[PDB]
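Accompanying notes for the structure given below.
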Amino acid sequence: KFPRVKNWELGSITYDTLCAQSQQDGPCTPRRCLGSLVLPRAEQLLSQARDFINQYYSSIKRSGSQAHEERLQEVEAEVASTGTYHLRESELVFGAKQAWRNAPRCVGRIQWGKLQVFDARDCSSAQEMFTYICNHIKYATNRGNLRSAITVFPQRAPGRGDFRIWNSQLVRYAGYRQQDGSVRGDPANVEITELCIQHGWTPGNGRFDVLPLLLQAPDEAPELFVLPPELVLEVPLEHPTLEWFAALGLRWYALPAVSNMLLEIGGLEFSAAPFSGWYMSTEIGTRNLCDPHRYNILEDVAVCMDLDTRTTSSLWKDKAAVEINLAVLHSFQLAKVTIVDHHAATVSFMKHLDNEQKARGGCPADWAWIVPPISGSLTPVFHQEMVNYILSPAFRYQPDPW
Amino acid sequence: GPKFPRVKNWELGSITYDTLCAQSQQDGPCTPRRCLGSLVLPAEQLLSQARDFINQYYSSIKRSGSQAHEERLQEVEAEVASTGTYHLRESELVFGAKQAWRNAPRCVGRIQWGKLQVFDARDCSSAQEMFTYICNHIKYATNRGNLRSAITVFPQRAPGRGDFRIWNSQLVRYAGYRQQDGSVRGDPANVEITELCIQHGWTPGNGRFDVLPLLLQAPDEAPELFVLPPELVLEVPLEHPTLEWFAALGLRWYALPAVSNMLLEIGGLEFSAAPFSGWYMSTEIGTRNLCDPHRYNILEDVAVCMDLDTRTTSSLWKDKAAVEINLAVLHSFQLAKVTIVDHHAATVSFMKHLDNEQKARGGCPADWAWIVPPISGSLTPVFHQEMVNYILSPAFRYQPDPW
Ligand code: HEM
Ligand code: HEM
Ligand SMILES: N=C(NCCC[C@H](N)CN(O)CCN)N[N+](=O)[O-]
Ligand SMILES: N=C(NCCC[C@H](N)CN(O)CCN)N[N+](=O)[O-]
Ligand SMILES: C[C@H](O)[C@H](O)[C@H]1CNc2nc(N)[nH]c(=O)c2N1
Ligand SMILES: C[C@H](O)[C@H](O)[C@H]1CNc2nc(N)[nH]c(=O)c2N1
Ligand SMILES: [Zn+2]
């Protein structure tokens with residue numbers, strides 16, 4: 001019933017009792033494990049609402065109190081007559097922090113308690129969404145001293161369209177499909193780039209053109225907004241000892257801000273609730289720059305390093321990858337922009353695991369996502385068994401609005 | 001769409017559906033409530049398992065429903081009927097052993113599955129004879145550096161009688177000597193088997209790479225100790241292609257990886273002693289065996305020799321040192337003409353295996369956490385391939401230590 005969890009480097013054992021609190025099914029069954037797959041293939045609401053309110057009052061050490069009992073009545077009254085309800089700002093703040101804390105694929109959760117929550121539920125137009133987004137970016141960027149934040153737009157409502165941010169992140173580089181099939185820029189963003197153009201954006205022709213935002217108010221066509229360049233901090237990439245690296249003209253933006261995930265709290269759903277923390281260097285240096293379906297610069301860098309790209313056995317791919325990740329760290333450090341390397345991040349996650357074991361009896365974690373894309377076993381998390389399950393409040397994927 | 005798991009490759013955008021998982025008859029550790037995919041170790045019945053295996057065998061030779069098939073099924077039911085168990089024919093053992101390998105979710109080398117050399121040692125009746133069979137396996141498999149995959153199958157577990165067992169986890173292992181200061185000289189992973197060898201009369205050495213003797217156990221007898229003739233255990237001294245000082249570290253590793261404590265299950269029959277061997281994927285040695293903190297842990301030593309800043313994580317000193325250590329392993333095995341496969345070549349071959357199996361059986365059970373190499377994960381194609389994990393039989397399974 002309760003899984004035994006072992007760390008093979010230290011030989012230590014724990015038991016995950018928190019998983020018993022999961023109310024939502026994942027993709028696995030006793031016949032087959034689908035743990036490596038990326039995407040999944042009124043009384044109910046009232047049930048989730050009560051559970052959430054209970055979590056909230058327990059967090060402020062006031063369960064059973066009068067305020068607790070009265071709040072539960074309010075929620076019951078609102079759902080019974082309207083089919084839905086609304087969260088108080090303090091609950092929204094607690095809810096967003098818990099969603100982060102519960103996110104199995106996030107290795108930066110040691111920071112979960114420090115999140116600036118912007119209540120944007122009084123938003124009635126895409127124009128207003130844009131203003132809130134600009135303020136989020138300014139605050140979060142903070143001149144390179146990044147601060148974790150989330151801006152929460154109006155919840156979903158029955159028979160009414162959702163407030164949505166079409167872009168997957170607030171800052172993304174365009175991907176222009178070229179005549180000969182290739183892509184200029186970021187291949188992951190070809191679809192959104194095209195949508196922007198289709199909606200009147202005058203495209204650029206570079207490899208790092210910041211995309212405009214396509215923001216959508218309920219039941220309206222999305223609207224295009226160009227981000228003020230001075231609000232988008234970027235870091236030109238250079239290498240500490242390889243002088244020619246800068247000549248590659250590579251760069252990446254400072255702020256990672258997921259904008260297409262749904263935040264679920266107490267049964268309520270927030271379809272637009274962009275959040276941001278700071279990058280772990282491998283996200284940029286390894287995946288964004290070296291993925292074959294992304295900027296795919298490994299071969300170029302290897303040739304500049306004059307490595308033997310003739311055979312795999314020369315480990316040219318491994319050598320180039322390391323220097324690229326080193327360039328990212330060096331460059332962010334030089335530009336004085338917050339970033340965390342994969343060793344420091346995983347070491348902090350092990351502390352988080354321990355903190356959560358004591359606090360809640362476990363921590364849902366997705367091993368395939370927590371272990372870094374390079375040097376996996378050189379990090380502590382590789383040797384740590386993990387149990388994955390869904391807790392609520394939660395961040396979850398949702399269909400693209402188009 | 002299809003009511004089977006949909007599997008996507010994110011690098012290529014391609015999709016397949018796994019229908020082979022429908023054939024699984026054993027539950028894994030996961031439930032809809034929680035995934036335990038990252039955990040390392042998470043007559044009526046015999047007849048059904050036996051019948052299923054016979055059906056698999058006849059299906060494989062394209063004779064399902066034939067007179068021979070029905071007669072073999074009859075024969076197995078009667079043998080189990082009067083004796084409680086049954087025995088496999090030679091070709092059934094060969095088919096079952098290859099299928100067990102083919103079915104192994106944690107093995108990235110499965111493209112080679114059809115080439116296994118199956119040594120039938122089911123006539124073995126003593127520990128001394130087990131040793132002879134094992135030495136022949138080592139000689140055949142090593143083939144002076146041009147390694148050949150092989151498995152030697154000893155007698156199956158029998159009702160009442162004791163089990164045939166090889167106590168060591170691999171045929172070649174380096175001793176791990178517990179020190180006064182509490183540290184370990186040699187391989188920390190082998191501290192327990194090393195002590196057991198000593199408790200059984202082995203006179204211990206005092207080096208970092210002392211090859212351990214084998215503790216072989218015949219039915220209902222105490223284990224017997226046998227030391228492998230040095231001439232038979234091929235080793236490779238490690239040197240680096242450019243860093244001249246690497247050779248001075250005195251590191252080395254043996255050529256033959258030969259798992260000896262896994263149980264081979266075929267049609268319900270259990271072969272407690274069936275050592276198998278292929279060849280190493282370089283990261284097993286260069287990354288795990290040499291750099292794991294709980295193994296040889298040589299990362300800091302090598303980083304210091306490379307004059308890296310081991311004071312801060314940000315210098316990526318662990319990453320740089322690990323890459324050079326893996327390169328030294330590949331370079332040295334290549335120099336010594338001993339078969340080895342780097343993690344890029346191996347994962348590329350595994351992607352081909354997945355495509356072959358998609359066509360041949362409708363899927364391939366695979367454990368993502370084990371298939372993706374310990375270094376440079378996303379630089380290999382398997383990192384971007386979703387995988388379905390499930391248990392198929394014949395199979396190789398873990399079994400408790402005999403002591
Ligand atoms: C403070 C610094 C933070 C760091 C260093 C960090 C790091 C990471 C990393 C490396 C991943 C995997 C990303 C990928 O491979 O695409 C991730 C995923 C995630 N993080 Fe964090 N994180 C941080 C802050 C946040 C914040 C502020 C939230 C939400 C309030 C959050 C929510 C999540 C979620 C939900 C995912 C999964 C996204 C997906 O499935 O695509 N993270 N994080
Ligand atoms: C021909 C070359 C082969 C290569 C390169 C290869 C490579 C690998 C690798 C890299 C692993 C993971 C090992 C670890 O991380 O400890 C593995 C595991 C495994 N392989 Fe293969 N393998 C080969 C041949 C074989 C053969 C001949 C068999 C059996 C007939 C086999 C059965 C298995 C099994 C059952 C495991 C899992 C062992 C465990 O769970 O500890 N492999 N293989
Ligand atoms: N450091 C962070 N990295 C997350 C960015 C990409 C992630 N795949 C989200 N995403 O695109 C989800 C949509 N499929 N987060 N952060 O600090 O806020
Ligand atoms: N390349 C190979 N590597 C096998 C390494 C040991 C593995 N951990 C099994 N093992 O010792 C199981 C014990 N718990 N195999 N081979 O080629 O035959
Ligand atoms: C197929 C496989 O699940 C997929 O490539 C996963 C693996 N681990 C990952 N881990 C992180 N952090 N981010 C990712 O995008 C992925 N991709
Ligand atoms: C805890 C975690 O499951 C464990 O460290 C696994 C991860 N992946 C692995 N993969 C391979 N090939 N071999 C291993 O020993 C491991 N160890
Ligand atoms: Zn699972």
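Per chain, numbering begins at 1; letters A, B, ... match sequence-line order. Counting starts at 1 for both ligands and their atoms, following the listed order. Scope of the values below: all heavy atoms of this structure, side chains included, with no hydrogens, waters or symmetry mates.
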Within 4.0 Å of some non-hydrogen atom of B:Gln170, the atoms of ligand 4 are 6 (C)
Using the Zn ion (ligand 7) as the apex, give the angle to atoms SG (B:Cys30) and SG (B:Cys35), rounded to 10 degrees.
110°
Numbering the atoms of ligand 5 from 1, which are under 4.0 Å from a heavy atom of A:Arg287?
13 (N), 14 (C), 15 (O), 16 (C), 17 (N)
Quick check: do B:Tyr133 and B:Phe119 have side-chain heavy atoms less than 4.5 Å from each other?
no
If you measure every N or O of B:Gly278 against every N or O of ligand 4, does any of those distances drop under 3.5 Å?
yes
So, for atom 8 (N) of ligand 4, does the protein have a heavy atom nearer than 4.0 Å?
no
Going by the order shown, which atoms of ligand 4 are within less than 4.0 Å of some heavy atom of B:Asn261?
12 (C), 13 (C)
Is the distance between the ring centroids of B:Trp253 and B:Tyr174 under 6.0 Å?
yes
Would you say the side-chain atoms of B:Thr152 and B:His137 include a donor-acceptor pair closer than 3.5 Å?
yes
On a heavy-atom basis, I'd like to know which of A:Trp367, B:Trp10, B:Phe383, A:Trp369 is closest to atom 2 (C) of ligand 5.
B:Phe383
Numbering the atoms of ligand 5 from 1, which are under 4.0 Å from a heavy atom of B:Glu386?
1 (C)
Report yes or no: is the cationic atom of B:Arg148 (NZ for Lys, CZ for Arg) closer than 6.0 Å to the six-membered ring centre of B:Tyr140, at no more than 45° off its axis?
yes
Would you call B:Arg397 and B:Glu270 a salt bridge, using N to O less than 4.0 angstrom?
no
Can you list the atoms of ligand 5 that are under 4.0 Å from a heavy atom of A:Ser36?
1 (C), 2 (C), 3 (O)
Do the side chains of A:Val347 and A:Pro380 get nearer than 4.5 Å, heavy atoms only?
yes
For ligand 4, which atoms, with element, lie under 4.0 Å from some heavy atom of B:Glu284?
1 (N), 2 (C), 3 (N), 4 (C), 5 (C)
